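This document contains two forms of one protein chain, each encoded as C-alpha cells and listed individually as structure 1 and structure 2.
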Structure 1
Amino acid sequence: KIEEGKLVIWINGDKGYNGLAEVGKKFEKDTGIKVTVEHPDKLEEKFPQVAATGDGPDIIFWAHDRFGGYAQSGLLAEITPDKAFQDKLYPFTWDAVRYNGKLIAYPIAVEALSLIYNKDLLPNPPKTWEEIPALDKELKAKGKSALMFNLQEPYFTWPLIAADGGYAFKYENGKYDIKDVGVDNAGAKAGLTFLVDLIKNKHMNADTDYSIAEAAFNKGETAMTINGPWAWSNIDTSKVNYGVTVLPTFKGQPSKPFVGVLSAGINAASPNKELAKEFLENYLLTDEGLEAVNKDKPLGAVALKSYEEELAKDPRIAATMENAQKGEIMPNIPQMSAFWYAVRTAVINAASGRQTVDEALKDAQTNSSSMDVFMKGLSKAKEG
C-alpha cells in the first residue's frame, strides 16, 4: 500500500525533520514529486512491522546499527551509487552501511555522545566520573545538580559501561563473534555499579528520561547532560552558556560511546526506488541539503567530504570527534536488535533495583547470545 509517484520519509523526532522537509520542498519544486517527512514513535520497531507486509515509508532514516537486521529480512533495497558518488563520501561511512557484501543504505553523518555542560554553573567540567558525586553534593547546596541524562535508553549509559572493558560483540578475524558478548565481564559490572550507586546516593533518579534531562539542562537546573549533536539546537534556543567536551573517564579509562552513522535506507517494497535515489544523492547529500538539515538539528561529522571546511568552524564537532575516536563503532549485525533490548532491560532493572547488577547483566548476556536467540534469529530472518 505504498503510494507510487510520491516520497514518504521516516526520520526520528530528535533529528532535523523540518530541515529535511525543506529539502523535500525543493525536490518538489524541481520534480513535482510530493515529499512527505514523518517522525513516528518507535519508528525503528514500526518499520520492520510494516515493511514485512510490503508497506511503510519509501526512505527510512536511522543509525546504521539496525540496518543489518532489516537487510537480513530482505526489507531493504540495495543502493546503486556510481563510483563518482561513492567518492563523495568517506569510505568509513560506506563501510557502516555495508551488510553481507552489499550496500544497504546511504550514510549521512557520524554521531557520538558528548559531555554537555553549563559554563555558568560549572566553569570547569569534571575529568572523571569518580568526582561527580562530590560535585553534585556541592551543587545540591545551591539547589542545583551535577548531572542529568536519559536513563531509559542503554545508548546513553553505554559510554560508562564500556569504559572499563565493556563491549557488545567481539571483533575477530574480520567478523563479529556473535557468541563473545562483553556485557557481563568485570568492566561492565563496574561501570553499571557506579551508575547504580549514583542513583542509590540520590545524585540521579532511575526514572529520568530524555525530555526530563533535556528540560532540566536547558532551564539551568543541572550542570551537565549527556547528548548528541541533535540536542545542541534546543540548547542554542535556551540561551544557556554551554560547552561540549570529552566524556569523563572511568577508572582512568575513557568513556566509550557507541559510534552511530545516521543512514537512509530504501524500502524493499518501495515503487519509487529511483526517485528515492535521486533525492538522497542529488538533493540531501549535498552542501545545501545537509546544511538545511544541520540548521534545524546538527547532524554530527557528516559523511559528505565537501562539508569539512564548514564543520571546521564548529568546536562542538571537535568534541564529537574526540568522543567518537574513544568509542566503538556499533555493529550492524541482526543480533543487535536483541542486544539493545537485553541491555535496556538490564540498565533499567539495575537502576530501579528490581535486579542486582550481577543479576541484570547475567540475564543481559543470556538474552543477547544463546541458542534461544539464534533460533529466533532463524525465524526473524524469515519474517521479521
Structure 2
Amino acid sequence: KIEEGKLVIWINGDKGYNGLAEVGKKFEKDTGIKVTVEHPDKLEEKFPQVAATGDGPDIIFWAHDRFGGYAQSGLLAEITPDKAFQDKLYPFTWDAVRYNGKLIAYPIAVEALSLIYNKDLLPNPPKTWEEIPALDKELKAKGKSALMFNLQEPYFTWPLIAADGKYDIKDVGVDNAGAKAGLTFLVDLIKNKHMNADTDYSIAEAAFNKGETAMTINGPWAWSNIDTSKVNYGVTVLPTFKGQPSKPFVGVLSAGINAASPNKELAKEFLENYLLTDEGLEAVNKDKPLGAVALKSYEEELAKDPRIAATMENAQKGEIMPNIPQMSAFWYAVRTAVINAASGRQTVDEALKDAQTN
C-alpha cells in the first residue's frame, strides 16, 4: 500500500532525479511532508503492474506516450488544475496529456533527439545520412568513428526509419516503403562496420564523452554529462535521408498522479506550486536539461540557448507520439524488428512483416 502523509515519486534514471529531490526538500522544509524520489529500472513496465492493485508511487514521470495506456486501465487520477494554472503552460502542451477528453497528467517538457557532434573532430557535421559511411572511413584512418548511438531502443532509430515517405504496426501508421528504406540503410551501416549492432546507451555515451566517436544521437538530458566531459560539442539538426529530414517521435515528459494514491491533494500542491515554477524546473534542469519546457515563464528564458533552438528545430521536423493504449505493444514490435534486422537474424522485409502482423 501507498503511505499516507508522504510523497513517493518515480522518474527515469536518465532525467534530473537529484534536482527533483531538491524540489522534494523544499516541499518538506515548508510543509513537513517527506518526498522520496526513486528511479527504478523499467519503471514504465513496473508502474502498470504495481498500480493495478493500488501500489506504486504517488507520482510517476514518463513521456506522454505511455500515459494513454495507464489512463485506459484506470491507473491515473484525473488532475484538477484550475483555468489560471493551465494558462501558465503553452496551450498545446495540454493536449499530449488529455485522454478521452480528460487531463491525466501535467506536461513538463518537450524532448526531441538531436545530432550531437564533437566540433574538434568534426567542425562541419554531415548534412546527410548517406555520407556517413564515407566520413567513417576517413575518421577510421585516424583511430576514430563517425557515429555511435543507442541501437537497442527504437526511440533512437525511429528518426531514420521514419524519414522517407494496413502496414500499421500495432495501429500506428507507418510508411511501408519508407520504413524499409530507413531500416535497410541502418542494417547496411552495421554490415559495413560503421556501427555495431550491440551498441547501447552506455557504450555510445562513453565513446562520445571520451572523444572516440565524432557524433551521437541523444536528447537534452544527455548534455550535462557531456559538459562534465569537456568535449567541445555542438547540438544540431539531424541528417537528412533520401533528401528528407530525419523525423523523431517526440515525447512530452509528463507527471501523472496514481489513481490509488491517498495523497492526491499533496501531489497536486507539489506539482503545481513547487515543480511547475521557475525555481522548481530550474532545479531539475541544472541537474539534467529538460528540453523545451511547457511552463511559459521559464521556457522563455531557456529558448535563447542554441542547444534548445536545435532541439526545437528537430522537433518541428518530427511528430508528437500518439498516446493510444497500443503504444507499449507498438514500441516492443519495433524494438524486436530493429534488433532482429540489425543482427542479421532476419531480413528487413521479414522483420517489418512480423511487426505488421497482429
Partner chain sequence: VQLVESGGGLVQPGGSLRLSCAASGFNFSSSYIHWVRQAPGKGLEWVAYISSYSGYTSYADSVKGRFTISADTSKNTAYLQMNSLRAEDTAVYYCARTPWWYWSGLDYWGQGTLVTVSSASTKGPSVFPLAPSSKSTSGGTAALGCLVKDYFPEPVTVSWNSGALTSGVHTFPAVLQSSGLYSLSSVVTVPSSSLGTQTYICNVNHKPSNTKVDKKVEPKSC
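We call the rigid core whatever largest set of C-alpha positions still superposes within 1.5 Å between the two forms. Only residues modelled in both forms are compared. Here, residue number means position along structure 1's sequence, counting from 1.
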Either 1 or 2, the form deposited without the partner chain | 1
Compare C-alpha positions between the two structures after fitting on the rigid core and state which of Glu214, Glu281, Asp136, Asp184 moves by at least 2 angstroms.
-> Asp184
Core superposition result - C-alpha of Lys119, shift between the two structures, Å = 0.4
Send over the list of consecutive residue runs, 3+ long, where the C-alpha shift is 2 angstroms or more at every position between the two structures on a core fit.
-> 175-184
